[PDB]
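Hydrogens, waters and symmetry mates are skipped; everything else that's a heavy atom, side chains included, is used. Order of the sequence lines sets the chain letters (A, B, ...), proteins ahead of strands, with each chain counted from 1.
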Amino acid sequence: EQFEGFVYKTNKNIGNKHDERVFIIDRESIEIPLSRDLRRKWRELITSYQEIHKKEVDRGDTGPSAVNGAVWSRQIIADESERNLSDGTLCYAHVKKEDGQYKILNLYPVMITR
RNA sequence: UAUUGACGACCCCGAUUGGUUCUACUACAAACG
């Protein structure tokens, strides 16, 4: 198939990780209102990612001590610009179907998330 | 469908009262037989 879209390149965050993912915008798409609730949740979650390892990042560790062959995930080393959910920022959305509608629970920077 | 694979310390003082109340001129020598 031929597709187009964007690449959600994070980094080699895990030792078994081989691939980045790219968002096949060429096809089906669904738009959902961005509430202020999801905005604060993102900022709080991304603050958590960036603050938790601040000591490890500042002392110059290239990746988390507990996972070998791996480097900081994009959201951790990214700036506070990442912490603000600005126009065209890429995400994973945690979603379910209810009342016949796609409810969105959270926005997450990675597949298996904090 | 649930796998990948182990490492790692943190806290270092925090909150508050920071003046309160009384004495603020008193007798005199000059006035007045």
Side-chain angles (χ1 to χ4, degrees):
Chain A
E1 279 280 13
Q2 187 184 128
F3 304 99
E4 80 190 357
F6 296 91
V7 309
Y8 197 73
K9 188 257 183 172
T10 186
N11 312 317
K12 197 182 186 188
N13 301 336
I14 279 214
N16 73 346
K17 175 172 169 78
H18 303 159
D19 306 350
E20 299 306 332
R21 279 84 186 288
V22 315
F23 294 177
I24 41 172
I25 294 191
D26 173 69
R27 223 66 57 96
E28 183 65 294
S29 180
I30 298 157
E31 67 174 34
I32 307 292
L34 175 54
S35 67
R36 291 187 65 255
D37 197 58
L38 294 181
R39 294 186 166 284
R40 75 176 185 78
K41 281 170 168 168
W42 178 266
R43 192 174 291 150
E44 185 163 34
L45 171 65
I46 299 312
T47 306
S48 190
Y49 264 120
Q50 292 179 344
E51 191 183 336
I52 284 285
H53 323 79
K54 182 180 183 181
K55 186 246 294 185
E56 297 179 76
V57 170
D58 287 356
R59 81 189 181 169
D61 304 336
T62 57
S65 298
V67 59
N68 197 18
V71 289
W72 297 115
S73 192
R74 189 185 61 67
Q75 74 280 354
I76 305 171
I77 46 163
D79 291 322
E80 301 188 44
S81 182
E82 174 76 2
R83 196 185 292 192
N84 189 29
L85 191 66
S86 60
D87 184 12
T89 49
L90 289 146
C91 286
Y92 297 103
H94 188 198
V95 296
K96 67 176 174 171
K97 192 178 63 178
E98 195 152 25
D99 306 328
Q101 294 292 345
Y102 294 115
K103 311 306 295 183
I104 180 168
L105 298 89
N106 311 91
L107 296 171
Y108 287 136
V110 287
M111 288 296 212
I112 319 311
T113 338
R114 186 179 191 74

Please list all pairs passing the ring-ring contact (aromatic ring centres under 6.0 Å, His included) test where one or both residues lie in residues 53-99 of chain A, with sequence neighbours left out.
-> A:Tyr8-A:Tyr92, A:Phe23-A:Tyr92, A:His53-A:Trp72
Nucleotide B:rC10, atom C1' - distance to CD of A:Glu51 in whole Å = 14 Å
Apart from A:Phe3 itself, residues in the same hydrophobic cluster as defined by side-chain heavy atoms under 4.5 Å = A:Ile24
Categorise the sugar of B:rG8 by the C1'-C2'-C3'-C4' dihedral sign as either north or south.
-> north
With sequence neighbours excluded, tell me which residues meet side chain to side chain contact (heavy atoms under 4.5 Å, CB included) with A:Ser35.
-> A:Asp37, A:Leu38
Adjacent-base stacking, B:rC11/B:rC12, criteria 5.5 angstrom and 30 degrees = no
Show each protein N/O and nucleotides 3-8 of chain B N/O combination with a separation under 3.5 Å, one pair to a line.
residue: B:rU4; atom: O4'; partner: A:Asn16; partner atom: ND2; Å: 3.3
residue: B:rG5; atom: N2; partner: A:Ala66; partner atom: O; Å: 3.1
residue: B:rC7; atom: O2'; partner: A:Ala66; partner atom: N; Å: 3.4

If positive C1'-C2'-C3'-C4' means north (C3'-endo side) and negative means south (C2'-endo side), then B:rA15 is north
Distance, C1' atom - from B:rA31 to B:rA27, rounded to whole angstrom = 15 Å
Report, as yes or no, whether the 6.0 Å neighbourhood of atom CZ on A:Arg27 holds more than 12 heavy atoms from other residues, nucleotides or ligands.
-> yes
Which sugar class, north or south, is indicated for B:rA27 by the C1'-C2'-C3'-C4' dihedral?
-> north
Classify the sugar of B:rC10 as north or south, using the sign of the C1'-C2'-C3'-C4' torsion: positive means north, negative means south.
-> north
Euclidean distance for P, B:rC28 against B:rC32 (whole angstrom) | 15 Å
Whole angstrom is fine here: how far is it from CE in A:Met111 over to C1' in B:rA2?
-> 14 Å
Value rounded to 0.5 Å, distance of CD1 in A:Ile14 from OG in A:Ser73 = 9.5 Å
Return the minimal non-hydrogen interatomic distance between A:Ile46 and A:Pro109, and the atom names on each side.
-> CD1-CG, 3.9 Å
How far, in whole Å, is B:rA2 from B:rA6 if one measures between their P atoms?
-> 22 Å
May I ask you to check whether over 12 heavy atoms, not counting those of A:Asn68, lie within 6.0 Å of atom CG?
-> no
Who else is in the cluster with A:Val7 when I, L, V, M, F, W and Y are joined by side-chain contacts under 4.5 Å?
-> A:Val22
In this structure, CG of A:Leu34 is separated from CG of A:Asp87 (nearest 0.5 Å) by 10.5 Å
Using Watson-Crick pairs (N1 to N3, plus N6-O4 or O6-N4) and G-U wobble pairs, both distances under 3.5 Å, which stems of at least 3 pairs involve RNA chain B?
-> none
Measure the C1'-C2'-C3'-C4' torsion in the sugar of B:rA30, then label it north if positive and south if negative.
-> south
Determine, with a yes or no, whether B:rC25 stacks on B:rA24 under the 5.5 Å centre and 30 degree plane limits.
-> no
